[PDB]
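Fold and contact review
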Amino acid sequence: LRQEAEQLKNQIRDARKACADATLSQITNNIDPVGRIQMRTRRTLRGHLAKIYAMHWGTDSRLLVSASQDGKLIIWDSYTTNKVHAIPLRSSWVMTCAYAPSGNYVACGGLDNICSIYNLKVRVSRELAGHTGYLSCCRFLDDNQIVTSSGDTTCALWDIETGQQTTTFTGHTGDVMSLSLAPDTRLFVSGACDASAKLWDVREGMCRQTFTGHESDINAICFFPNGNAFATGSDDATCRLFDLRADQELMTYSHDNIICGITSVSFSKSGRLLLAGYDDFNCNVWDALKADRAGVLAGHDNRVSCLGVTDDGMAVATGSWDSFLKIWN
Amino acid sequence: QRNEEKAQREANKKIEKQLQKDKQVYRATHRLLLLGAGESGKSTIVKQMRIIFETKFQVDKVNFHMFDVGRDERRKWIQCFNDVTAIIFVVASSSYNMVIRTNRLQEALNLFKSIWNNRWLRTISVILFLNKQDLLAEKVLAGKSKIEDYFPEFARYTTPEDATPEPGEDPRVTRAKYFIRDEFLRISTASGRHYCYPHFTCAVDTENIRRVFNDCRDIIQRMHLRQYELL
Amino acid sequence: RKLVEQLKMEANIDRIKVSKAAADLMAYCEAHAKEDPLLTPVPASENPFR
Amino acid sequence: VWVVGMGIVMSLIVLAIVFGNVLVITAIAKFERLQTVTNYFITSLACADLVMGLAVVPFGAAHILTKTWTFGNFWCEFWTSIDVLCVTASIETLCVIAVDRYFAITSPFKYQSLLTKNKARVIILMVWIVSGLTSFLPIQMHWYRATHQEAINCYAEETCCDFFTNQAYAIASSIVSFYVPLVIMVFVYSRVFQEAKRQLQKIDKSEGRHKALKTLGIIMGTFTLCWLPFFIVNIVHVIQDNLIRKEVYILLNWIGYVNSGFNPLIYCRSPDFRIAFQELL
Ligand SMILES: CN[C@@H]1CCc2c(ccc(O)c2O)[C@H]1O
């Protein structure tokens, strides 16, 4: 029974150990440091009532979407600070939000177990339901497909018109809390309450790889722009960068001073900077190749809950529990 | 041209006015949470209060919202409820003998320990309800399951003379109920931002709404007093 | 159950030396470094927010 | 020697008032987390204390040290008006803060709807309007001047400029500025202390197994022992008496002045205020 599983685990551990010739730090020790980075709050939105939970930049580098515990989903224009739209949610709690690349649809879902989707040309076009538990994160593959992460330890791939789960990516111990998409639509990964963070293929529907190798409670995942690597934030103080081709770890971003975990992780456009929000009121940035902190961002009144870097790389927007979204450049 | 900017500013002004109205409507509404076991009888308390499931009731022109999260052993949605005035906790005081393949009451005590010593909700009080008081009285009077069989602390436990009991006409059920209350009280006191408010209630009783109203009022008063440093 | 089959499928996969992957990531970061406005200097006129 | 020593004390008082009130105003304005319903009243009190400490304390010190007033008669009237306005506004804002505290404690459910940003702004505007009326209207219109020959000679004199007032204006200014706020403050703080004692008794009974007295004591002490003697001497000297010398009157007035510098270090003792001050400095 479990003997085969133990043998397989030993085999994969041996393969990972054999494949690890020289660590990333060993190669990167001869690379110029990024140096100190000064980030200033260019514009503060401050148009929210309660603590906000998640945000998502639009395909254009301007528009925003933020969801708060007040139950109101407000679309924000970063350049002008004017509120383009304010779509109330039937559920008072919205655990996440998403902006479609088309821009004609916005999805927000929370503890209601329904991934409500709004049409911007603001009415609920279709509400997708079928998850046993709460939702954690939603992303748009296209204008007609959306992948949701549920508290039932399953991730699903929906179709808007059909309204049914096209594929269910079962096989996870803990509840998934965050997922990210590859630059292409073929692959996407997620990390659960269990330390395991697995890679999935939207076509096959099977977990191609499983990394884990973390303490507990992975809370945020982002893709390196190249798509060959992804970084996981966890309730442990450390933040790690994995690797799909090597199927193992590369570097661990930990500091003695920090004792809180991670809440959101997002790379820069070039991938050199790994911006990671913290349970502490201030966000931290890391040199993705040197594993050295570059500069602490300004703090909010409460803990941060989301990060987002523009598709053009213009600025990074962080929204905390203080109901304030502070665009940083 | 500037016409688009003017239209966007007008839309922003309208949205801001609607947001201000919504803030005025919402800041006066108090949020409560139901966190009870499946066998704890939370349905009876919900029915009493009405007379994710959201229940809205108004007492003395004050609006309340009551949210029940509905296994979920690893409670990660608890951190979401940080703005609620109080957390309504329901535990069946008659479920001491019931055993889960650890007594159910001990499981409720562990759940209360987990809730109390939570980093995210450290300023959220707990309103405690103990349903099935009649069932507990019947179990104690019958003696089929000795109270000391599962709880060894009953050997040295004595009834508190300070606490005046209800006219239950039996010292034994009174001692058992007060021991069950004192377990939760000790667990809560082991940790002064938030307080625990035990209550002995029965399914027949319908005065729980006034109890919740008064307790929430006292919670807000204590929060304000500690904010101004008078307590 | 199916866990054994999933583990067996996961075990059989082609892997590359971690040095090659680290070198590829470093090469990508060096090649696309100039594109990122956050890492590189941002002109006052270029910055849409100021 | 005595005048040289008196200069150090006055300069220290002016510097302390200015520094404390500037720090409080900067902490309230710079950080958006400090802004609140009651912090609007706190910053109004800080602004009043700052303007009084910047305007009238240095000029009063210059008057007392040099024993003569160099500036013009109109400027002396302006200085007196600014002094009365600032003192009245400060004490009225103390009363308003106490009323807000009482309404937040004894009426918790209705507190959120009763007080809002618009309501706080309206209340502060009304306080400043009534203070400006009570100060400027009877001063610039020559209503407060007395019928004594000495008062007329002092008013006509250019250099010497002391304070001479009618019995009616002195009584009205005292009752508007201190006495009515004193009664309101005592009533609301008695009710708040009763509520706190009830809550402490209930918490002691329920849990089984003070601070409110000390806080109310320090607040009421630093208000009363600072302002009440001057505002009883005002009525005494106005109402058929000659035992109040100029030195006693000025000493009590300056005690009332230093009350303004004492206020911020007790009305901004919150941990959030301490953290904001640490961040600023
Ligand atoms: C500069 N001396 C003035 C004269 C009278 C007066 C003061 C303060 C508050 C009042 O309500 C007053 O009527 C004193 O500060």
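Residues numbered from 1 in each chain as written, not as in the entry; some residues may be left out. Chains lettered and ligands numbered in written order. Heavy atoms only, no water. Residues with missing side-chain atoms left out of burial classes, pairs and counts.

This entry, as listed in the PDB, derives from cryo-EM and reports a resolution of 3.5 Å.

Comments concerning the overall build of chain C
Note the following rule: Helix and strand definitions here come from DSSP, where helices need a minimum of 4 consecutive H or I residues and strands a minimum of 2 consecutive E residues; each element is numbered from the N-terminal end. Note that the radius of gyration is over C-alpha atoms, with the globule rule given as 2.2 Å times the number of residues to the power 0.38.
In terms of helices and strands, chain C carries 2 helices and 0 strands. The C-alpha radius of gyration of chain C comes to 21 Å, more than 25% above the 10 Å expected for a compact globule of 50 residues. Taking the principal axes of the C-alpha coordinates as reference, chain C spans close to 60 × 25 × 10 Å.

A short note on the environment of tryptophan 116 of chain B
Residues and elements named next belong to chain B. Quick note on the threshold: Contact definition: two residues touch when any of their heavy atoms are within 4.5 Å.
With respect to the helices and strands, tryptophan 116 occurs in helix 3 (residues 104-116). Sequence-wise, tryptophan 116 and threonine 174 are 58 residues apart; in three dimensions their C-alpha atoms are separated by 26 Å. Setting aside residues up to four positions removed in sequence, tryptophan 116 forms contacts with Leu121, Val126, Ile187, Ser188, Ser191, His194, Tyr195 and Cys196.

Here's the deal with the packing of helix 7 (residues 208-227) of chain B against helix 7 (residues 167-207) of chain D
Inclusion rule: Each axis is a line fitted through C-alpha atoms, and for a helix only the stretch in contact is used; angles between axes span 0 to 180 degrees, taken between their N-to-C directions. Each angle gets one of four labels, with under 35 degrees taken as roughly parallel, over 145 as roughly antiparallel, 65 to 115 as roughly perpendicular, and the rest as oblique. It is the rotation of the near helix from the far one that decides the hand of a crossing: anticlockwise by less than a right angle makes it left-handed, clockwise makes it right-handed. Nonpolar residues are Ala, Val, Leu, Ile, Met, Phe, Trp, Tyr, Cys and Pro. Charged residues are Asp, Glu, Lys and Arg, and all others, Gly as well, are polar.
Interaxial distance between helix 7 of chain B and helix 7 of chain D falls to 11 Å at its minimum, and their mutual angle equals 115°. Here helix 7 of chain B is positioned roughly perpendicular relative to helix 7 of chain D, judged by the angle of their axes. The hand of the helix 7 of chain B/helix 7 of chain D crossing is left-handed. In this structure, helix 7 of chain B uses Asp218, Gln221, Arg222 and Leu225 of chain B to contact helix 7 of chain D, whose residues at the interface are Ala196, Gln199, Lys202 and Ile203 of chain D. For the contact of helix 7 of chain B with helix 7 of chain D, the residue count by class is 3 nonpolar, 2 polar and 3 charged.

Brief notes about the arrangement of the chains
Inter-chain contacts occur across 4 pairs of chains; the most extensive set of contacts lies between chains A and C. Considering only C-alpha positions, the minimal separation of the non-contacting chain B and chain C is 16 Å. Over all C-alpha pairs, chain C and chain D never come within contact, reaching a minimum spacing of 21 Å.

Some thoughts on the interface of chain A and chain C
Put simply, an interface is often sized by how much accessible area is lost when its parts join up. The interface of chain A with chain C comprises 44 residues on the first partner and 29 residues on the second. Mapped onto the side of chain A that touches chain C, the elements with two or more residues apiece are helix 1 (2-19), helix 2 (24-28), strand 1 (41-44), strand 17 (207-210) and strand 21 (248-253) of chain A. The leading source of residues in the side of chain A that touches chain C is helix 1 of chain A, at 5 residues. When the residues that make up the side of chain A that touches chain C are grouped by side-chain class, the tally is 23 nonpolar, 10 polar and 11 charged.

Details of the sheet that holds strand 12 (residues 155-159) of chain A
All names here are of chain A. Threshold: Strands are treated as partners if at least two bridges between them are detected by DSSP.
An order of 10-11-12-13 is seen for the 4 strands of this open sheet, with the pairing classed as antiparallel. Strand pairing shows two members of the sheet lacking a second neighbour, strand 10 (135-140) and strand 13 (165-169), which therefore form its edges. The mean inter-strand angle of the sheet, taken between neighbouring strand axes irrespective of direction, is 20°. The pairing of strand 11 (residues 145-150) with strand 12 spans 5 bridges and is antiparallel. Across the sheet, the residue bridging to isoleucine 146 is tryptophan 158, located in strand 12.

Comments concerning the pairing of strand 26 (residues 316-320) of chain A
Residue and element names in this part refer to chain A. Pairing analysis gives 5 bridges linking strand 25 (residues 304-309) to strand 26, with the strands arranged antiparallel. Looking across to strand 26, one finds that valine 309 is bridged to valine 316. Connecting strand 25 to the next strand, strand 26, in antiparallel fashion are 6 residues, including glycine 313 with a positive phi near 75°. Two strands pair when backbone bridges link them, and strand 26 and strand 27 (residues 325-328) are joined in this way by 4 bridges, in the antiparallel orientation. Note on strand 27: the bridge partner recorded for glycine 319 is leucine 325. Counting the residues in the hairpin turn of strand 26 and strand 27 gives 4 residues, including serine 323, whose phi is positive at 60°.

A look at the state of the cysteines
All names here are of chain D. Here is the rule: A pair of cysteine sulfur atoms is labelled a disulfide when the two atoms are within 2.5 Å.
The residue that forms a disulfide with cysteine 76 is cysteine 161, at a sulfur-sulfur distance of 2.0 Å. Across the S-S bond linking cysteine 76 and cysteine 161, the dihedral sits near -105°, which makes this disulfide left-handed. Highlighted residues: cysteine 76 in helix 3 (residues 73-106) and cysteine 161 in the loop between helix 6 (149-156) and helix 7, separated in sequence by 85 residues.

Considerations on unusual backbone geometry
One non-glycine residue, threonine 81 of chain A, lies in positive phi territory at about 80°. For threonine 81 of chain A, the position within the fold is in the loop between strand 4 (72-77) and strand 5 (83-88). Positive phi values are uncommon outside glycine, yet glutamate 169 of chain B reaches one of about 60°. Checked against the element boundaries, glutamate 169 of chain B lands in the loop between helix 5 (147-150) and helix 6 (171-189).

A word on the pattern of salt bridges
Convention followed: Salt bridges are identified by distance alone: a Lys or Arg side-chain nitrogen within 4 Å of an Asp or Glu carboxyl oxygen.
One salt bridge in this structure joins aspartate 77 of chain A and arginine 62 of chain A, with 2.7 Å as the shortest N-O distance. Of this pair, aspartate 77 of chain A sits in strand 4 while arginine 62 of chain A sits in the loop between strand 2 (52-55) and strand 3 (63-68), and the two are 15 residues apart along the sequence. A salt bridge links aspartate 218 of chain B to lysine 202 of chain D; the shortest N-O distance between them is 2.4 Å. In this pair, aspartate 218 of chain B is assigned in helix 7 and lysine 202 of chain D in helix 7, connecting two distinct chains.

Some words on the packing of aromatic side chains
Using the following cut-off: Any two of the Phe, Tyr and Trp rings considered here, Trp counted by its six-membered ring, make a pair once their centres fall within 6.5 Å; the pair's planes then place it as stacked at under 30 degrees, edge-to-face at over 60, or tilted in between. Only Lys NZ and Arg CZ are tested; either one counts as a charge over a ring when it is within 6 Å of the ring centre and within 35 degrees of the ring normal.
Note on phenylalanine 64 of chain B and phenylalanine 109 of chain D: the rings are 5.9 Å apart at their centroids and 80° apart in plane angle, and the pair reads as edge-to-face. Of this pair, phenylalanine 64 of chain B sits in strand 3 (residues 62-68) while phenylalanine 109 of chain D sits in the loop between helix 3 and helix 4 (111-114), on two different chains. Measuring from ring centre to ring centre gives 5.9 Å for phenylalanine 74 of chain D and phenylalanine 78 of chain D, while their planes differ by 35°; the resulting arrangement is tilted. In this pair, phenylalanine 74 of chain D and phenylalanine 78 of chain D are both assigned in helix 3, 4 residues apart and thus about one turn of the helix distant. Across from the ring centre of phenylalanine 31 of chain D, 5.7 Å away, lies the NZ or CZ of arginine 33 of chain D, which sits over that ring. The positively charged end of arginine 101 of chain D is found above the aromatic ring belonging to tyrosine 228 of chain B, 5.0 Å away from the centroid.

Considering the pairing of strand 5 (residues 125-129) of chain B
Across 5 bridges, strand 4 (residues 86-90) of chain B lies against strand 5 of chain B in parallel orientation. Directly across from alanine 86 of chain B, in strand 5 of chain B, lies its bridge partner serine 125 of chain B.

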